[PDB]
Every structure is written in structure tokens, then in C-alpha cells.
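Enquirer: Let me give you the structure first, and then I'll get to my questions.
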DNA sequence: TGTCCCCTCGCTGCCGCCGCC
RNA sequence: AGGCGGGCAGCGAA
């Protein structure tokens with residue numbers, strides 16, 4: 352069973368991977384694989400004078416009694432530690448014990464690292480997360496093809518369960534499927550009564566076939582364009598909106614009465630279409646936040662369509682922790698926020714990172730932004746104002762999608778993910794410490810090293852000879868000073 | 001669960017405090 | 001009104 356994984360989620364001490372699978376007719380559809388039996392990689396560090404056999408004979412009976420396990424896989428293993436903890440020998444033989452994430456009893460208590468005993472005085476790898484454990488032990492390096500054997504038959514077309522993380526092994530295939538991309542554009546208003554922002558119009562620009570192997574053509578037309586419109590002030594739209602929308606507004610325009618029906622129809626379209634990638638401009642910081650809050654307040658039973666996991670209940674703590686909550690709900694669909702830290706990192710020439718400015722910078726095409734304030738009754742009496750605002754929403758969605766493909770946000774993030782070994786969404790979010798952490802994790806784990814469990844003077848600047856220098860002057864720089872320094876003097880943790 | 005993007009240096013504007021010519 | 005000393009915040013750069 353071959354699957355190209357995209358994102359992950361954790362629940363009930365199990366890890367679930369979201370990806371695409373070729374059918375018999377090699378058609379690519381969404382898939383979900385729930386993987387059981389994932390287990391923690393423990394290391395017991397013996398005290399001076401004791402051996403892993405003593406740690407075995409002492410602790411494994413206690414561990415089997417404690418976790419209610421029939422048997423526990425464990426073996427002495429020589430391992431190297433070269434990190435910041437003191438009293439840890441440079442090389443010692445450890446008792447490499449294997450503890451499943453899901454145990455019959457007391458499944459969510461982690462063995463303390465500082466745990467002392469007569470045989471050992473330290474434990475390593477006791478609080479590692481499920482995704483870390485799988486991505487390290489099975490040597491997964493970013494999104495890549497995945498061979499699954501003994502598959503046992511969410512908002513994914515295929516649902517798969519496997520009880521052994523081993524059968525799941527990465528392939529050598531560098532070719533990767535076509536992506537279902539759905540760009541988003543959102544228009545909001547604050548209501549003075551409750552002082553909350555409310556969704557007015559949502560634009561859905563679908564790009565069903567995007568292949569990151571070959572280059573993306575410029576200004577590709579979306580395979581489908583649909584819009585969802587809500588009465589901003591009154592409950593009745595100005596007469597003639599539908600006919601004018603069909604005569605002028607591009608794509609389909611479907612019209613509503615209230616916010617609840619609009620969000621329900623949005624959820625239905627999201628579930629039916631099943632994007633792989635969600636484009637947008639300031640989506641994660643603003644638009645996804647307001648979308649989720651409006652979804653929760655209006656009590657839509659299908660809020661889980663924004664991701665690929667099927668949730669009947671909203672997490673109870675929802676109501681500055683909303684970032685993680687949104688990231689967890691939207692698990693399955695990548696958020697390609699063109700204005701986030703990664704997006705800003707790929708366009709340092711912009712000053713405000715507004716949609717118009719970034720369009721002008723990346724695509725060299727000028728668009729004049731229009732200020733839409735639906736609080737003005739111009740959009741409840743006039744129909745031309747409503748259709749102009751809808752046209753602006755369509756234009757914003759198209760611009761966001763096009764500039765997203767212009768900078769290869771997805772392609773760069775995928776390449777750096779396969780370089781780092783983290784997940785695609787995490788590096789899409791703009792992190793830099795996560796990629797470094799995971800590349801070091803993979804490199805040190807593959808070389809028999811014990812990975813650690815989860842203010843100084845800088846460079847020297849000279850005083851300039853301030854003034855004008857009419858003679859020819861040269862610039863003499865060091866190509867990547869710090870990396871070539873670390874290679875030069877062989878600076879390392881080890 | 002709850003995270004992050006090295007500190008540190010030098011540069012400019014603003015604000016409040018102190019002494020002075 | 002002006003120069004200096006310590007403090008905060010904002011930001012461009014290595």
C-alpha cells in the first residue's frame with residue numbers, strides 16, 4: 352500500500368498520517384492511516400559498576416506490573432552522549448527498553464529522566480512525542496512515498518489501520534502527486550453589539566492539478582470558482598443582485614440569507630472538494646481565527662471539514682491558545698499562508714506585506730485595493746456596490762493564489778522539509794528552530810547518539852571612516868562565515 | 001500541550017528623570 | 001530653549 356503522506360495528528364496515543372494514494376486506475380485520492388503499536392525508545396543509564404542486565408532484572412518486572420504488559424522488548428545497547436547534561440559518561444552501555452505509547456493501564460505517564468535506583472540513575476527518551484518517534488525510528492525524511500504492508504481496511514477517501522509501525526517504510530520514489538489547492542479570500546465586519554468580526558463573503562478558487570515536480574505555469578486559471586455571500590446589514594439583498602452577478606462576476610455566485618447557512622454550505626463544499634493545500638493571505642493569524650470563531654458561535658456540526666479528521670466536538674478549552686486549536690482542527694490540509702513568517706521570509710522586499718504590495722513586488726502587476734466597509738448602507742441599498750465588492754474579493758483570492766505559486770512557497774517548504782525531516786505544515790508556518798531540531802535529531806539518531814529530551844557577545848563591527856571616498860574601494864566578504872567556520876575548526880557537540 | 005526567530009553591538013526619532021550654561 | 005548622563009518602547013543592519 353503506497354501513500355504520499357502530507358500531515359499528521361495525535362490522539363488516543365496513536366499517530367495518524369494524512370496523504371494521497373493512487374487507486375488501481377492510479378487516480379490520486381485522499382487517505383488516512385491510523386498506526387498502532389508505536390512505542391517509546393527508552394535508555395537506562397547504569398550507575399558505575401552495574402550492567403544493563405541488572406537494570407533488566409530490577410526494572411522490567413516493575414514496568415510490566417506498572418503498565419500491565421505481557422512482555423516488554425529490551426536489549427543492552429552501547430550509546431553515545433555528547434550534550435549538555437553533566438554526570439553522563441561520553442560512552443556507556445544502556446538498557447534499550449521499548450515502551451508502547453498505548454498500554455493497557457496508565458498509558459499517559461512518562462518515566463522521569465531523573466529517576467534514580469540501585470542499578471541506574473537516568474532515563475532517556477521517556478517524553479518523546481509519537482510523531483518524533485515514528486519519524487526517527489522509521490527514518491522518515493519529510494513528505495515522501497510510503498510503503499505499507501498488512502493494511503487493515511475522517512474526511513479522507515481511504516481509511517487504513519496498521520498495528521505495527523515497521524511495515525510502514527519509506528520508498529525511493531522522488532515523484533510526488535498532484536495537489537488539490539483551494540485559495541481563500543475572506544471579508545469581515547465587526548458588529549458593534551457584540552464587538553466581534555463576522556464573515557460576509559468567502560471566495561473558493563480551486564486548483565485541482567498542481568504538480569511541484571514540473572514548474573507551475575504563470576497565471577493558471579482555477580478549475581472552479583465559487584463565492585458565498587451573506588447579507589451584511591439587512592436580511593434581504595438589493596433586487597437584481599443575482600442577475601448582475603451572473604452577467605459580471607466571474608465564476609459561480611451562490612447567494613444566502615444568513616451566516617449559519619453560508620458556513621454550512623462552505624463546510625459542504627470543503628468536504629466534497631477535499632483540498633490538499635489551503636492557500637490564503639493572513640489566513641492563520643486572522644482569517645482562520647475569525648472563521649473558527651464564527652463556526653463555534655453559530656454551532657455548525659461540520660466544522661471539522663476545515664481539516665481531514667472528523668470531529669463531532671469542539672475542544673473544550675477553545676473560547681491565546683487558539684493557535685494550536687486551529688492547527689489541530691485543520692490537520693490534514695496544509696495552510697499555505699502567503700503572509701506568514703515563511704511567506705514574509707521569501708519576500709523581504711515588501712514593507713507591509715499587504716496583498717496589493719506583495720502582488721506588485723512578486724508578480725510586478727499593479728492592483729488598486731478597494732476599501733470595503735459593508736457597515737456603509739451603500740452595500741445594503743446599492744447592488745453595484747455589492748457586485749464591486751464581490752469582484753474585489755474574487756480579485757484578492759486570485760492574486761493570493763497566483764503570488765503563492767509565484768514564490769514557490771509550497772515547493773521551497775517541501776524541499777526544506779525533506780532536507781530537515783520535520784512535517785510540511787510546521788515549516789510552512791515559518792519556524793526555523795523546528796527544522797534544525799529535526800535535522801539534528803535524524804543525524805544524531807542515525808549515528809548511535811542519545812538525543813536530549815524536550842547572553843553572549845556577537846560579531847565584531849568596525850568603526851567606519853565616515854564620509855565620502857572618491858577612490859575605488861572593494862568589498863571583501865566571507866562566503867557563509869559561520870557555517871564554513873564550523874566546518875573549519877570542527878565545532879560540534881561531540 | 002502549548003511555540004517560537006543568536007545574543008550582542010552600533011544608528012535615528014519620541015517619552016519621563018537629574019545636573020548645567 | 002540647548003548639550004550630557006541613566007531608563008522604556010519602535011524600527012532598518014551584521
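In the authors' numbering, the protein residues as written are 352 to 504, 511 to 676, 681 to 815, 842 to 881. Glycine included, each C-beta is placed from N, C-alpha and C at the ideal position.
In the DSSP assignment, what residue or residues form a beta bridge with residue 758?
Expert: According to DSSP, residue 758 bridges with nothing at all.
Enquirer: With residue 651 and residue 698 assumed to form a contact (beta carbons below 8 Å), what rounded beta-carbon distance in angstroms separates them?
Expert: Not a contact, Cβ separation roughly 19 Å.
Enquirer: By a C-beta neighbour count over all protein chains shown, 10 Å radius and 16 as the cutoff for buried, is residue 762 buried or exposed?
Expert: Buried, because 16 or more other Cβ atoms sit within 10 Å of the Cβ of residue 762.
Enquirer: Return the chain-ordered list of same chain residues with a C-beta closer than 8 Å to the C-beta of residue 702, the five sequence neighbours on each side being excluded.
Expert: Taken in chain order, the residues that qualify are 790, 791, 792.
Enquirer: Hey, out of 431, 457, 469, 389, whose CA is closest to residue 410's CA?
Expert: Nearest option by C-alpha distance: 469.
Enquirer: With residue 558 as the anchor, note down where its beta strand (DSSP E) starts and where it stops.
Expert: Taken as a continuous stretch (DSSP letters only), the beta strand (DSSP E) holding residue 558 covers 553-567.
Enquirer: Taking just the CA atoms, how far does residue 721 sit from residue 684?
Expert: Taking the straight line from one Cα to the other gives about 30 Å.
Enquirer: Mind checking residue 879: buried by the 16 CB within 10 Å criterion, or exposed?
Expert: Result: exposed.
Enquirer: Would you check if the distance between the CB atom of residue 778 and the CB atom of residue 493 is smaller than 8 Å?
Expert: In this structure, residue 493 lies closer than 8 Å to residue 778 by Cβ.
Enquirer: How big is the Cα-Cα spacing for residue 737 and residue 540?
Expert: Cα to Cα, the separation comes out at about 27 Å.
Enquirer: Taking the alpha-carbon of residue 377 as reference, which of 663, 357, 352, 874 has the nearest alpha-carbon?
Expert: That would be 352, whose Cα lies nearest to the Cα of residue 377.
Enquirer: Note down the Cα distance separating residue 681 from residue 648, rounded to an integer number of angstroms.
Expert: Cα to Cα, the separation comes out at about 16 Å.
Enquirer: Mind checking whether residue 451 and residue 388 have CB atoms under 8 Å apart?
Expert: It is a contact, given that the beta carbons lie within the stated cut-off.
Enquirer: Kindly provide the ranges of any beta strand (DSSP E) runs that are 3 or more residues long and lie completely inside the region 425-453, ordered along the chain.
Expert: Listed in chain order, they are 425-431, 442-451.
Enquirer: Of the choices 560, 561, 575, whose alpha-carbon is the least far from that of residue 567?
Expert: Closest by alpha carbon: 575.
Enquirer: Nearest to residue 490 by alpha carbon, out of 874, 806, 587?
Expert: Among 874, 806, 587, the Cα nearest to that of residue 490 belongs to 806.
Enquirer: Hey, out of 633, 769, 663, 383, whose CA is closest to residue 515's CA?
Expert: Of the listed residues, the one whose Cα sits closest to residue 515 is 383.
Enquirer: Who pairs with residue 609 in a beta bridge, going by DSSP?
Expert: In the DSSP output, where bridge partners are listed per residue, residue 609 has 583.
Enquirer: May I have the straight-line CA-CA distance separating residue 544 from residue 563, to the nearest angstrom?
Expert: Each residue's alpha carbon lies about 18 Å from the other.
Enquirer: Tell me whether residue 625 is buried or exposed, calling it buried when 16 or more other Cβ atoms sit within 10 Å of its Cβ.
Expert: With fewer than 16 Cβ atoms within 10 Å of its Cβ, residue 625 is classed as exposed.
Enquirer: Given this structure, state the Cα-to-Cα distance separating residue 618 from residue 675, to the nearest angstrom.
Expert: Computed Cα separation, rounded: 23 Å.
Enquirer: When DSSP labels each residue in this structure, what does residue 764 get in the three-state scheme?
Expert: The answer is helix: DSSP assigns residue 764 an H, G or I state.
Enquirer: Considering only C-alpha positions, which residue in the set 780, 808, 809 is nearest to residue 796?
Expert: For residue 796, the nearest C-alpha among the options comes from 780.
Enquirer: Helix, strand or coil for residue 464? Go by DSSP, reduced to three states.
Expert: Here residue 464 sits in coil by DSSP.
Enquirer: Please list, in chain order, all residues of the same chain as residue 726 whose beta carbon is under 7 Å from its beta carbon, the five residues on each side excluded.
Expert: These residues qualify, in order along the chain: 720.
Enquirer: Could you tell me which residues DSSP puts in a beta bridge with residue 545?
Expert: Answer is 556, bridged to residue 545.
Enquirer: Quick one, which of 421, 517, 434, 408 has its alpha-carbon nearest residue 427's?
Expert: Closest by alpha carbon: 408.
Enquirer: Tell me where the beta strand (DSSP E) around residue 371 begins and ends.
Expert: From DSSP, the beta strand (DSSP E) with residue 371 extends over 365-373.
Enquirer: Check whether the Cβ atoms of residue 414 and residue 474 lie closer than 8 Å to each other.
Expert: Not closer than 8 Å, so no.
Enquirer: Name, in chain order, the residues that DSSP records as bridge partners for residue 810.
Expert: DSSP, once it has assigned bridges, lists 431 as partnering residue 810.
Enquirer: Going by DSSP, what residues sit across from residue 473 in a beta bridge?
Expert: Paired residues: 396.
Enquirer: What are the boundary residues of the alpha helix (DSSP H) that includes residue 850?
Expert: Looking at the DSSP string, residue 850 is not in any alpha helix (DSSP H), and its letter there is neither H nor E.
Enquirer: Looking only at its chain, what residues have a beta carbon closer than 7 Å to the beta carbon of residue 704, apart from the 5 residues adjacent to it on each side?
Expert: Contacts found: 698, 770.
Enquirer: Suppose you measure from the CA of residue 405 to the CA of residue 768; what does that come to, to the nearest Å?
Expert: Approximately 58 Å, taken between the alpha carbons.
Enquirer: With three or more C-beta pairs closer than 8 Å as the rule, is the region 602-615 touching the region 582-594?
Expert: Yes, they touch.
Enquirer: Would you kindly work out how many angstroms separate the C-alpha atoms of residue 500 and residue 396, rounded to a whole number?
Expert: For residue 500 and residue 396, the distance between alpha carbons rounds to 35 Å.
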